[PDB]
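Student: Structure incoming, see below.
There are 2 protein chains.
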Amino acid sequence: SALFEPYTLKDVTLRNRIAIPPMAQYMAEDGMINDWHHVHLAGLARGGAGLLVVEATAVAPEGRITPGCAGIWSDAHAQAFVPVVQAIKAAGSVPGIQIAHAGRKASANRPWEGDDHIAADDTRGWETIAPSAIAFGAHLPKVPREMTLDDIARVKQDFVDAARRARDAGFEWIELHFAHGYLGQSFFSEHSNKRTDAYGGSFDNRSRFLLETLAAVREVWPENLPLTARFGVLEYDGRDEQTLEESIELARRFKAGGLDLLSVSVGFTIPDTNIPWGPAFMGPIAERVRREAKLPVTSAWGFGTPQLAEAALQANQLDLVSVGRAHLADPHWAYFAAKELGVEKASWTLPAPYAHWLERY
Amino acid sequence: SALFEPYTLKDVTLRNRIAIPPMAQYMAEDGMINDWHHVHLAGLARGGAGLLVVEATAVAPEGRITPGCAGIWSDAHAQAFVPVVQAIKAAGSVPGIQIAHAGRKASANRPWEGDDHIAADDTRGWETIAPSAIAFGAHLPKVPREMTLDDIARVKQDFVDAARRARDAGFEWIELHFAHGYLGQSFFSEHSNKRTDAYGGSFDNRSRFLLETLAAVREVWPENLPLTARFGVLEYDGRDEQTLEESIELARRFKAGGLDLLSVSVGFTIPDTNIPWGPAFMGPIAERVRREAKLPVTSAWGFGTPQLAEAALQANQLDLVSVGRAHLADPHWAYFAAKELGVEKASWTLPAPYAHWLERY
Ligand SMILES: Cc1cc2nc3c(=O)[nH]c(=O)nc-3n(C[C@H](O)[C@H](O)[C@H](O)COP(=O)(O)O)c2cc1C
Ligand SMILES: Cc1cc2nc3c(=O)[nH]c(=O)nc-3n(C[C@H](O)[C@H](O)[C@H](O)COP(=O)(O)O)c2cc1C
Numbered sequence: 004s005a006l007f008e009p010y011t012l013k014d015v016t017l018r019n020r021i022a023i024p025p026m027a028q029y030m031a032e033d034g035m036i037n038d039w040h041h042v043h044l045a046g047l048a049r050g051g052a053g054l055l056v057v058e059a060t061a062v063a064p065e066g067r068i069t070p071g072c073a074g075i076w077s078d079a080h081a082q083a084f085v086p087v088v089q090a091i092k093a094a095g096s097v098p099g100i101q102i103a104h105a106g107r108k109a110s111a112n113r114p115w116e117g118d119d120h121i122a123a124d125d126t127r128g129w130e131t132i133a134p135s136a137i138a139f140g141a142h143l144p145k146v147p148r149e150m151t152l153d154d155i156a157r158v159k160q161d162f163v164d165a166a167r168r169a170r171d172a173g174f175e176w177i178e179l180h181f182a183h184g185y186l187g188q189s190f191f192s193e194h195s196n197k198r199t200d201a202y203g204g205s206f207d208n209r210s211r212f213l214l215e216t217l218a219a220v221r222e223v224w225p226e227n228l229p230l231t232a233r234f235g236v237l238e239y240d241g242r243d244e245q246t247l248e249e250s251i252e253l254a255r256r257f258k259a260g261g262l263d264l265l266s267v268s269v270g271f272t273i274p275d276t277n278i279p280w281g282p283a284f285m286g287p288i289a290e291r292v293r294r295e296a297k298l299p300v301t302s303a304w305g306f307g308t309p310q311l312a313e314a315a316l317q318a319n320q321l322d323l324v325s326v327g328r329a330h331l332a333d334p335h336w337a338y339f340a341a342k343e344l345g346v347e348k349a350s351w352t353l354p355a356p357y358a359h360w361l362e363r364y
Numbered sequence: 004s005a006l007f008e009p010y011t012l013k014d015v016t017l018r019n020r021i022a023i024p025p026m027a028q029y030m031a032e033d034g035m036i037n038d039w040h041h042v043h044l045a046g047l048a049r050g051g052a053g054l055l056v057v058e059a060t061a062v063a064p065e066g067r068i069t070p071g072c073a074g075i076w077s078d079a080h081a082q083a084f085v086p087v088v089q090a091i092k093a094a095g096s097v098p099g100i101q102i103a104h105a106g107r108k109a110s111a112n113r114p115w116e117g118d119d120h121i122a123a124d125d126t127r128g129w130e131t132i133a134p135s136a137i138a139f140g141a142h143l144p145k146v147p148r149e150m151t152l153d154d155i156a157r158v159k160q161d162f163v164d165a166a167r168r169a170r171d172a173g174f175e176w177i178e179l180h181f182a183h184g185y186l187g188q189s190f191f192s193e194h195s196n197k198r199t200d201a202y203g204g205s206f207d208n209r210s211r212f213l214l215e216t217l218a219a220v221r222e223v224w225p226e227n228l229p230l231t232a233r234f235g236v237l238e239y240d241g242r243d244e245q246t247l248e249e250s251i252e253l254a255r256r257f258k259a260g261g262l263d264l265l266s267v268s269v270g271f272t273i274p275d276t277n278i279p280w281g282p283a284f285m286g287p288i289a290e291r292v293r294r295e296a297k298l299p300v301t302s303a304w305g306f307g308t309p310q311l312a313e314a315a316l317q318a319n320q321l322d323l324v325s326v327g328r329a330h331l332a333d334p335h336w337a338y339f340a341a342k343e344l345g346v347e348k349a350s351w352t353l354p355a356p357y358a359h360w361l362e363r364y
């Protein structure tokens, strides 16, 4: 099976091609993770996936999506990850982390607590920042504050400090969250970036925040550990061919700037779009980015059907398959997939205290 | 669904009828549990089962099955359970523990490390104790030492101390391990108990260790928390009708002595038997014990098919359904079962950070 072949990137080897993508848990307090995250993550690592990417972790308090988001904006925040990292490694999975800044989509309620911007008089909320003072709209109506150049410098440095902290906590894989309409994606998109300084207008200017952040992170992140990003390459907004072309060009610049793999997603920059949801619908777009930028990729959405994950790898649409919700349903999805795809000794996808009893079960 | 109806016993209410039976992990060191157990147990509790019974936990070092068995023979051993108990409760499951003494089956290798008695010159091994100096045979050839009356007094007191420790660690449910050919089962069975003192010969004498242990435990275990035992009620050794009759009589004495529920099993006292394995094969025998002793019961073996669990409850064969290996395969089995049985809002069997995303998934 292609799904169960190892993958090496820089000095890191994944035992198979199953990646658990970042999935926000909304269970942290003042950015500090706790035993929710410890058990959730260690349990996933034991399920067999080759790579486990920790949820969007804010580089600064105002860059959380919600009051429940994880943060890494102080050394004490970083040190809370150390035991979790150590547990993921003990289980044989590679520990990764997505570092993030939610931009105009920040200061929102948890998804099961309204999913909308927090009310102005709610003591939990805060002012959001973005390239331009333009609201997302719909359930996220707050107009963000337009960033100053000093704000841009500060947020870049927050990404650097977050990457340095992630390194020192023992993570072996980092992902810059430049997707899903958050700060980085919103600098790239003409929908959200109306700046007239060096950080908006042209393709080079809209790319600038993302490229400078990548380069600044690269100074502290070890050259021998994968340096990755997640990026929305189209919006399904009626501008797809033009947007894809620019996004692929940026992917080429990321590669030239030391990016090892791109997690290919949709932008979600604005609400007025028509996304053609379906199982593995991202496969063809990820394949095009992979081919045209000559860069390894992962993608997600509906790969919890093991045969679809297998087909995507065999077609060279993807290098890793990211499987999200199926891992919430069943932390041991990798074992399920191994059985489905007829892997020999499938139960030994799991550790011995499980595997021994499930042999031919 | 019957499977998803709550159950109250003494002051404890289980949110559904799914019990996770004790399942040895073989991951402790000198009896001390560690982050293996913490994550394993907290993850199971979050999967939705109403009751989670911690694995066979030795009341004394020589009562471990193997060098990897959990123990509770000192206060430091007990205190290692406190954070795990607290995590199980946080997840809404009832924390239970099975306290145990492996008797003649002690001093064995882990199941994936030979599964047999440890060699005489292996520094990990130890002398086993039992009612009589008679080996199990087959892969457990060691002849145990015949217990003195002082040994019997000491082991009873070890059970008392273990129950007191379990209480003080915050467990809400206790199970005495009188099944599976370990010490208690071996006092009851004429195959293994050839004593000619007050602890062997007659039905009353063979029952005596089990009844005295129960009564001594009852002095320290709170009257408002379920007091349970696991007991093998037949052997499939060609003596089933006679053995069942005696076992049911002992179950009546257990009930009279304050036992709240009996986990009904097979004896496994000797190797030369013919067990008719099949899905839910224990259902009819558990039903007979339930009816003839007028005592609530659980049983196990093949109830990971949700419809079978449901049918057993609806037929009043069982009060709780114990589901073991299916929970090793999938810690979230309860969610799978809820979907299968058509429970409304099945995903909310899980906590919010999972349930929200799996609604209609
Ligand atoms: C609970 C949940 C939280 C998510 N949080 C993040 C996140 O922190 N960062 C991110 O880039 N994507 C996030 N996503 C998107 C997932 O990484 C993934 O792309 C998506 O769930 C599609 O894959 P699936 O169909 O396998 O679930 C989240 C998705 C879910 C279900
Ligand atoms: C990994 C494993 C360890 C077990 N350890 C114990 C134990 O500690 N105590 C006990 O009484 N039974 C033990 N058992 C038996 C289980 O509690 C249960 O009765 C059996 O697995 C049948 O249920 P199932 O078909 O749902 O797995 C163990 C079973 C397994 C698979």
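Chains V and U, in that order, are what the protein sequence lines are.
Taken in order, the first sequence gives residues 4 to 364; the numbers are from my numbering.
Taken in order, the second sequence gives residues 4 to 364; the numbers are from my numbering.
Every residue gets a Cβ at the ideal spot worked out from N, C-alpha and C, and that includes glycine.
#1: Count the other CB atoms within 10 Å of the CB of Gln317 of chain U; is the residue buried (16 or more) or exposed (fewer)?
#2: If we define contact as Cβ-Cβ less than 8 angstroms, is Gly260 of chain V a contact residue for chain U?
#3: Is the beta carbon of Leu353 of chain U closer than 8 angstroms to that of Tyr364 of chain U?
#4: Would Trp280 of chain U count as contacting chain V if we go by Cβ distances under 8 angstroms?
#5: Using a Cβ-Cβ cut-off of less than 8 angstroms, list which residues of the region 41 to 68 of chain U approach chain V; keep chain order.
#6: One question on the structure: do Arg67 of chain U and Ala105 of chain U come within less than 8 angstroms of each other, judged by their Cβ atoms?
#7: Using DSSP with H/G/I as helix, E/B as strand and the rest coil, what is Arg148 of chain U?
#8: Going by CA-CA distance only, name the one from U:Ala315, U:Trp336, U:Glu290, U:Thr276 that's closest to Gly140 of chain U.
#9: From which residue to which residue does the beta strand (DSSP E) around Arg233 of chain V run?
#10: Scan the region 321 to 334 of chain V for residues whose Cβ lies nearer than 7 angstroms to a Cβ of chain U and list them as they occur along the chain.
#11: Within this structure, are the beta carbons of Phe234 of chain U and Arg209 of chain U separated by less than 8 angstroms?
#12: Span of the beta strand (DSSP E) holding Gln101 of chain U?
#13: Apart from the five residues on each side of it in sequence, which residues of its chain come closer than 6 angstroms, Cβ to Cβ, to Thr16 of chain V?
#14: Short of 8 angstroms in beta carbon distance, which residues of its chain neighbour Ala111 of chain V, apart from the five on each side in sequence? Order them along the chain.
#15: Kindly provide the ranges of any alpha helix (DSSP H) runs that are 4 or more residues long and lie completely inside the region 291 to 329 of chain U, ordered along the chain.
#16: Relative to chain B, which residues along the region 283 to 304 of chain U have a C-beta separation below 9 angstroms, given in chain order?
#17: Please confirm whether any heavy atom of ligand 2 lies closer than 7 angstroms to the CB of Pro24 of chain U.
#18: Among V:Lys197, V:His194, V:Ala103, V:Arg167, which has the Cα closest to the Cα of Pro225 of chain V?
#19: At 7 angstroms on the CB atoms, spell out the chain V contacts of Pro114 of chain U, in chain order.
#20: I'd like to know whether the C-beta atoms of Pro24 of chain U and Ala303 of chain U end up nearer to each other than 8 angstroms.
#21: Quick check on this structure: which residue in U:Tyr239, U:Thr246, U:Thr301, U:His180 has the alpha carbon closest to the alpha carbon of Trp280 of chain U?
#22: So which residues of chain U does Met30 of chain V contact, with C-beta pairs closer than 7 angstroms?
#23: In chain U, which residues lie with their C-beta within 8 angstroms of the C-beta of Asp119 of chain V?
#24: Please name the residues in the region 75 to 100 of chain U whose beta-carbon is closer than 7 angstroms to at least one beta-carbon of chain V, in chain order.
#25: When you compare the region 51 to 65 of chain U with the region 164 to 178 of chain U, are there three or more beta-carbon pairs, one atom per stretch, that lie closer than 8 angstroms?
#26: What residues in its chain sit with their C-beta under 7 angstroms from that of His194 of chain V, if we drop five residues either side in the sequence?
#27: Pop quiz: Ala283 of chain U and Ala315 of chain U are said to be a contact at Cβ under 8 angstroms. What is the actual Cβ separation, rounded to whole angstroms?
#28: Can you name, in chain order, every residue of its own chain whose Cβ lies under 6 angstroms from the Cβ of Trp129 of chain V, other than the five neighbours on each side?
#29: Return the residue from the list V:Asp200, V:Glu252, V:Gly270, V:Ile102 that minimises the CA-CA distance to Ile155 of chain V.
#30: If we count the other Cβ atoms within 10 Å of its Cβ and call it buried at 16 or more, is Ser325 of chain V buried or exposed?
#31: Going by Cα to Cα distance, which pick from U:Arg157, U:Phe212, U:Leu217 is closest to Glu178 of chain U?
Tutor: Let me spell this out:
#1: Counting Cβ neighbours within 10 Å, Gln317 of chain U comes out exposed, since fewer than 16 surround it.
#2: So no, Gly260 of chain V is outside the interface.
#3: No, Cβ-Cβ distance for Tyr364 of chain U and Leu353 of chain U is not below 8 angstroms.
#4: No, its Cβ sits nowhere closer than 8 angstroms to a Cβ of chain V.
#5: For the region 41 to 68 of chain U, the set of residues with a beta-carbon nearer than 8 angstroms to any beta-carbon of chain V comprises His41, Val42, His43, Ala45, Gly46, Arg49, in chain order.
#6: When the beta-carbon positions are compared, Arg67 of chain U and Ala105 of chain U come within less than 8 angstroms of each other.
#7: Under the three-state reduction of DSSP, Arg148 of chain U is assigned to strand.
#8: Comparing Cα positions, the closest option is U:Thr276.
#9: Segment 230 to 237, the beta strand (DSSP E) holding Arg233 of chain V.
#10: If the cut-off is 7 angstroms between Cβ atoms, the region 321 to 334 of chain V has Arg328, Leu331, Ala332, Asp333, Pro334 near chain U.
#11: In this structure, the beta-carbon distance from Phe234 of chain U to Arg209 of chain U does not fall below 8 angstroms.
#12: Boundaries of the beta strand (DSSP E) around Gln101 of chain U: 97 to 103.
#13: Here the set comprises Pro9.
#14: Close CB contacts of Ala111 of chain V within its chain, under the 8 angstroms cut and outside five residues either way in sequence, are with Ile68, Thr69, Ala105, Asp118, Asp119, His120, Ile121, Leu143 (chain order).
#15: Those alpha helix (DSSP H) runs which fall completely within the region 291 to 329 of chain U and span 4+ residues are 309 to 317.
#16: Among the protein chains in the structure shown, which are V and U, there is no chain B.
#17: Yes, ligand 2 has a heavy atom inside 7 angstroms of this Cβ.
#18: The candidate whose alpha carbon is nearest that of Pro225 of chain V is V:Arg167.
#19: The contacting residues are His359.
#20: A contact, by the Cβ cut-off of 8 angstroms.
#21: Closest option to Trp280 of chain U, judged by alpha-carbon separation, among U:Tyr239, U:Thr246, U:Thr301, U:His180: U:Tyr239.
#22: In chain order: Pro356.
#23: Residues of chain U passing the Cβ test: none, with the nearest at roughly 14 angstroms.
#24: Hits within the stretch, in order: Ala90.
#25: As far as the Cβ criterion goes, the region 51 to 65 of chain U touches the region 164 to 178 of chain U, which means the pair count is three or higher.
#26: These residues qualify, in order along the chain: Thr272, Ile273.
#27: Right, their Cβ atoms sit about 6 angstroms apart.
#28: Closer than 6 angstroms at Cβ, skipping near neighbours: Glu65, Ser110.
#29: Selected option, being the one with the closest Cα: V:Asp200.
#30: Classification of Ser325 of chain V: buried, given that the 10 Å Cβ count is 16 or more.
#31: The candidate whose alpha carbon is nearest that of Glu178 of chain U is U:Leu217.
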